[PDB]
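Coordinates from coords_17.csv are shown below (CSV, C-alpha atoms and all ligand atoms).
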chain,number,residue,atom,x,y,z
A,85,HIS,CA,115.6,27.0,170.2
A,86,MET,CA,116.9,25.7,173.5
A,87,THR,CA,120.1,23.7,172.7
A,88,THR,CA,121.0,20.8,175.0
A,89,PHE,CA,123.2,17.8,175.1
A,90,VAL,CA,122.4,14.3,176.2
A,91,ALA,CA,124.7,12.1,178.3
A,92,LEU,CA,125.8,8.8,176.5
A,93,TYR,CA,127.1,7.2,179.8
A,94,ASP,CA,126.9,7.7,183.5
A,95,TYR,CA,129.6,9.9,185.0
A,96,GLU,CA,130.5,9.9,188.8
A,97,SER,CA,131.9,13.2,190.1
A,98,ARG,CA,135.2,12.8,191.8
A,99,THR,CA,136.3,16.4,192.4
A,100,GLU,CA,134.6,19.5,193.9
A,101,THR,CA,134.2,21.1,190.4
A,102,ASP,CA,132.9,18.2,188.2
A,103,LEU,CA,129.2,17.2,187.8
A,104,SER,CA,127.7,13.8,188.2
A,105,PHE,CA,125.1,12.7,185.7
A,106,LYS,CA,123.2,9.7,184.4
A,107,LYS,CA,122.9,8.3,180.9
A,108,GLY,CA,120.0,10.1,179.1
A,109,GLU,CA,120.1,13.2,181.3
A,110,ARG,CA,119.8,16.5,179.4
A,111,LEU,CA,122.5,19.0,180.0
A,112,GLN,CA,122.8,22.7,179.1
A,113,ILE,CA,126.4,23.6,178.2
A,114,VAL,CA,127.1,27.0,180.0
A,115,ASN,CA,130.7,27.0,178.7
A,116,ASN,CA,133.0,25.1,176.2
A,117,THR,CA,136.1,27.4,176.0
A,118,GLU,CA,137.9,25.2,178.4
A,119,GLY,CA,139.0,22.3,176.3
A,120,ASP,CA,137.4,18.9,176.4
A,121,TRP,CA,135.9,19.5,179.9
A,122,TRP,CA,132.7,21.6,179.5
A,123,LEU,CA,130.8,23.5,182.2
A,124,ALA,CA,127.3,22.0,182.2
A,125,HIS,CA,124.0,22.6,184.1
A,126,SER,CA,121.6,19.7,184.5
A,127,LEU,CA,118.0,20.3,183.4
A,128,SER,CA,116.7,17.6,185.8
A,129,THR,CA,119.0,17.8,188.9
A,130,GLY,CA,119.8,21.5,188.9
A,131,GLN,CA,123.5,20.8,189.6
A,132,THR,CA,126.4,22.5,187.8
A,133,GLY,CA,129.9,21.5,187.0
A,134,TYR,CA,132.4,20.2,184.6
A,135,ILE,CA,131.7,17.2,182.4
A,136,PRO,CA,133.9,15.2,180.0
A,137,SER,CA,132.7,16.5,176.6
A,138,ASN,CA,133.2,13.0,175.0
A,139,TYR,CA,130.4,11.7,177.3
A,140,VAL,CA,127.7,13.7,175.6
A,141,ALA,CA,126.1,14.2,172.2
A,142,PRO,CA,123.8,16.8,170.9
A,143,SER,CA,120.2,16.3,171.8
A,144,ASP,CA,118.8,16.9,168.4
A,145,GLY,CA,119.8,15.7,165.0
A,146,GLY,CA,119.9,18.1,162.1
A,147,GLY,CA,123.2,19.5,163.3
A,148,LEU,CA,125.7,20.3,160.6
A,149,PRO,CA,128.8,18.1,160.1
A,150,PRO,CA,132.1,18.6,161.7
A,151,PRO,CA,135.2,19.4,159.6
A,152,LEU,CA,136.6,16.5,157.8
A,153,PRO,CA,139.7,14.9,159.4
A,154,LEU,CA,142.9,15.7,157.5
A,155,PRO,CA,144.5,14.5,155.4
A,156,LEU,CA,141.9,13.2,153.0
A,157,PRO,CA,142.4,9.7,151.8
A,158,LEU,CA,143.8,9.2,148.2
B,85,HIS,CA,126.6,-9.6,167.6
B,86,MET,CA,126.9,-7.8,164.2
B,87,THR,CA,128.6,-4.5,164.9
B,88,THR,CA,127.8,-1.6,162.7
B,89,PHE,CA,128.0,2.2,162.7
B,90,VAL,CA,125.4,4.7,161.5
B,91,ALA,CA,125.9,7.8,159.4
B,92,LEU,CA,125.0,11.0,161.2
B,93,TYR,CA,125.2,13.1,158.0
B,94,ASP,CA,125.5,12.7,154.3
B,95,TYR,CA,129.0,12.4,152.8
B,96,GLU,CA,129.9,13.0,149.2
B,97,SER,CA,132.9,11.2,147.9
B,98,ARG,CA,135.7,13.5,146.5
B,99,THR,CA,138.8,11.2,146.2
B,100,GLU,CA,139.7,8.0,144.5
B,101,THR,CA,139.2,5.8,147.6
B,102,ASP,CA,136.5,7.4,149.7
B,103,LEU,CA,132.9,6.2,150.0
B,104,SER,CA,129.7,8.3,149.6
B,105,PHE,CA,126.9,7.6,152.0
B,106,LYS,CA,123.6,9.0,153.2
B,107,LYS,CA,122.5,9.9,156.7
B,108,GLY,CA,121.1,6.8,158.4
B,109,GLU,CA,123.0,4.3,156.4
B,110,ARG,CA,124.4,1.4,158.3
B,111,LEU,CA,128.2,0.8,157.7
B,112,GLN,CA,130.4,-2.1,158.6
B,113,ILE,CA,133.9,-1.0,159.5
B,114,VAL,CA,136.5,-3.2,157.9
B,115,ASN,CA,139.6,-1.3,159.0
B,116,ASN,CA,139.9,1.4,161.7
B,117,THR,CA,143.6,1.3,162.4
B,118,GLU,CA,144.9,3.7,159.8
B,119,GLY,CA,143.7,6.9,161.3
B,120,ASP,CA,140.5,9.0,161.4
B,121,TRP,CA,139.4,7.8,158.0
B,122,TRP,CA,138.0,4.2,158.3
B,123,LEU,CA,137.5,1.6,155.6
B,124,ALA,CA,133.8,0.8,155.5
B,125,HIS,CA,131.3,-1.3,153.6
B,126,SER,CA,127.7,-0.2,153.2
B,127,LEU,CA,125.0,-2.6,154.2
B,128,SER,CA,122.5,-1.0,151.9
B,129,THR,CA,124.5,0.2,148.8
B,130,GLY,CA,127.2,-2.6,148.8
B,131,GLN,CA,129.9,0.0,148.2
B,132,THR,CA,133.2,0.1,150.0
B,133,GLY,CA,135.7,2.9,150.8
B,134,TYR,CA,137.1,5.3,153.3
B,135,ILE,CA,134.7,7.3,155.5
B,136,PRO,CA,135.4,10.2,157.9
B,137,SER,CA,135.0,8.6,161.4
B,138,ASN,CA,133.5,11.7,162.9
B,139,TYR,CA,130.5,11.4,160.5
B,140,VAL,CA,129.3,8.1,162.1
B,141,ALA,CA,128.3,6.8,165.5
B,142,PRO,CA,128.0,3.3,166.8
B,143,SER,CA,124.6,1.8,166.0
B,144,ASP,CA,124.2,0.5,169.5
B,145,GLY,CA,124.0,2.4,172.8
B,146,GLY,CA,125.6,0.9,175.9
B,147,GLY,CA,129.1,0.8,174.7
B,148,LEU,CA,131.7,1.7,177.3
B,149,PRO,CA,132.9,5.2,177.7
B,150,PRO,CA,136.1,6.6,176.4
B,151,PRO,CA,138.9,7.5,178.8
B,152,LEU,CA,138.3,10.9,180.6
B,153,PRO,CA,139.8,13.8,178.7
B,154,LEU,CA,143.4,14.3,179.6
B,155,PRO,CA,144.0,17.2,182.1
B,156,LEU,CA,141.5,17.5,185.1
B,157,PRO,CA,139.4,19.8,187.0
B,158,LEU,CA,140.0,20.1,190.7
A,201,ZN,ZN,117.9,27.0,168.6
A,202,ZN,ZN,128.6,-8.2,169.1
Any chance you could put this one into structure tokens?
Ligand SMILES: [Zn+2]
Ligand SMILES: [Zn+2]
Amino acid sequence: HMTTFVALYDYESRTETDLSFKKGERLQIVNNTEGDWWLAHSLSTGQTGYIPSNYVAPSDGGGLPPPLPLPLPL
Amino acid sequence: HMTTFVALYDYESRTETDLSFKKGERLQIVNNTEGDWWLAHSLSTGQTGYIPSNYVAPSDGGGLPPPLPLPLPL
């Protein structure tokens, strides 16, 4: 199905390559091989640019868990 | 106010000191200064132990953002 992310906070663009967005906006991630800045496309504003990946979460639950942090506790 | 986290996924205990929980449980964090495993207390099961911090989210929205990922886009 169409897989999107939702913004957890507002972000104000400050460069010519980042993307502003509002809390609750739905974003399509067009690229995530760049590190912790992801190339996103807004479903509601039609703008495109880089976003901080820690400002968004997946739009749907039922995702599978991430790897556990290592080391494990005792 | 009472600050809690919510489980995003089930977690099955596998060590001597970790804590099992179910998706949707609310957890009170009693120590989060030791690394990415946090000492938690279940509101519903009354159990206590270490949880993987990437399996939980804050219960409340409207917390403040994390600092912007390190390097930048220009
Ligand atoms: Zn799909
Ligand atoms: Zn409070």
**Message:** Neighbours of ligand ZN 201 (chain A) at 6 Å or closer, counting only C-alpha atoms and all ligand atoms: which residues, as a PyMOL selection string?
**Reply:** chain A and resi 85-87
**Who sits within 10 Å of stretch 95-109 of chain A, only C-alpha atoms, same chain under 5 positions skipped, as a PyMOL selection string** = (chain A and resi 88-90+121-129+131-136+139-140+143) or (chain B and resi 146+149+152+156-158)
At a cut-off of 12 Å, using all atoms listed in the file, what residues contact residue B:151? Leave out same-chain residues fewer than 3 positions from it and give the result as a CSV table (one decimal) with C-alpha atoms, in the frame of the given file.
chain,number,residue,atom,x,y,z
A,93,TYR,CA,127.1,7.2,179.8
A,95,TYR,CA,129.6,9.9,185.0
A,120,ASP,CA,137.4,18.9,176.4
A,136,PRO,CA,133.9,15.2,180.0
A,137,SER,CA,132.7,16.5,176.6
A,138,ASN,CA,133.2,13.0,175.0
A,139,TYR,CA,130.4,11.7,177.3
B,148,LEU,CA,131.7,1.7,177.3
B,154,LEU,CA,143.4,14.3,179.6
B,155,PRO,CA,144.0,17.2,182.1
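Straight-line separation from atom ZN of ligand ZN 202 (chain A) to atom CA of residue B:114: 14.6 Å.
For the pair atom CA of residue B:119 and atom CA of residue B:92, the interatomic distance is 19.1 Å.
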From the structure block, carefully write stretch 92-150 of chain A out with C-alpha atoms; format it as a tab-separated table (two decimals), in the first residue's frame.
chain	number	residue	atom	x	y	z
A	92	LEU	CA	5.69	14.85	14.84
A	93	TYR	CA	6.65	18.56	14.97
A	94	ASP	CA	6.77	21.62	12.73
A	95	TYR	CA	9.96	22.19	10.81
A	96	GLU	CA	10.94	25.59	9.28
A	97	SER	CA	13.16	25.33	6.19
A	98	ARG	CA	16.36	27.33	6.50
A	99	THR	CA	18.32	26.26	3.37
A	100	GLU	CA	17.48	25.99	-0.34
A	101	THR	CA	17.36	22.15	-0.19
A	102	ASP	CA	15.31	21.45	3.01
A	103	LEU	CA	11.49	21.22	3.22
A	104	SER	CA	9.17	23.00	5.60
A	105	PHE	CA	6.30	21.12	7.07
A	106	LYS	CA	3.66	21.21	9.74
A	107	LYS	CA	2.94	18.76	12.55
A	108	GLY	CA	0.50	16.11	11.23
A	109	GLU	CA	1.45	16.54	7.57
A	110	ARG	CA	1.83	13.32	5.61
A	111	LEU	CA	5.15	12.92	3.76
A	112	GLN	CA	6.28	10.45	1.15
A	113	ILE	CA	10.00	9.56	1.58
A	114	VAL	CA	11.55	9.60	-1.90
A	115	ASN	CA	15.02	8.80	-0.51
A	116	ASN	CA	16.61	7.63	2.76
A	117	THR	CA	20.17	6.62	1.71
A	118	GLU	CA	21.50	9.92	2.83
A	119	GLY	CA	21.79	9.48	6.57
A	120	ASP	CA	19.40	11.07	9.04
A	121	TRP	CA	18.23	13.72	6.57
A	122	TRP	CA	15.63	12.12	4.24
A	123	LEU	CA	14.37	13.44	0.89
A	124	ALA	CA	10.62	13.91	1.30
A	125	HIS	CA	7.64	14.98	-0.83
A	126	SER	CA	4.59	16.49	0.85
A	127	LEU	CA	1.18	14.93	0.06
A	128	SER	CA	-0.61	18.18	0.88
A	129	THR	CA	1.76	21.01	-0.15
A	130	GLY	CA	3.43	19.40	-3.13
A	131	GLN	CA	6.83	20.64	-1.99
A	132	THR	CA	10.00	18.49	-1.99
A	133	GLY	CA	13.16	18.54	0.09
A	134	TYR	CA	15.20	17.24	2.89
A	135	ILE	CA	13.72	16.65	6.30
A	136	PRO	CA	15.21	15.62	9.63
A	137	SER	CA	14.29	11.94	9.93
A	138	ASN	CA	13.84	12.19	13.72
A	139	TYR	CA	10.92	14.62	13.14
A	140	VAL	CA	8.66	11.99	11.56
A	141	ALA	CA	7.16	8.61	12.42
A	142	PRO	CA	5.51	6.01	10.21
A	143	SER	CA	1.90	6.79	9.40
A	144	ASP	CA	0.59	3.34	10.22
A	145	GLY	CA	1.13	0.99	13.09
A	146	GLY	CA	1.76	-2.68	12.35
A	147	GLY	CA	5.36	-1.98	11.39
A	148	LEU	CA	7.88	-4.48	12.58
A	149	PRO	CA	10.24	-3.61	15.40
A	150	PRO	CA	13.63	-2.22	14.93
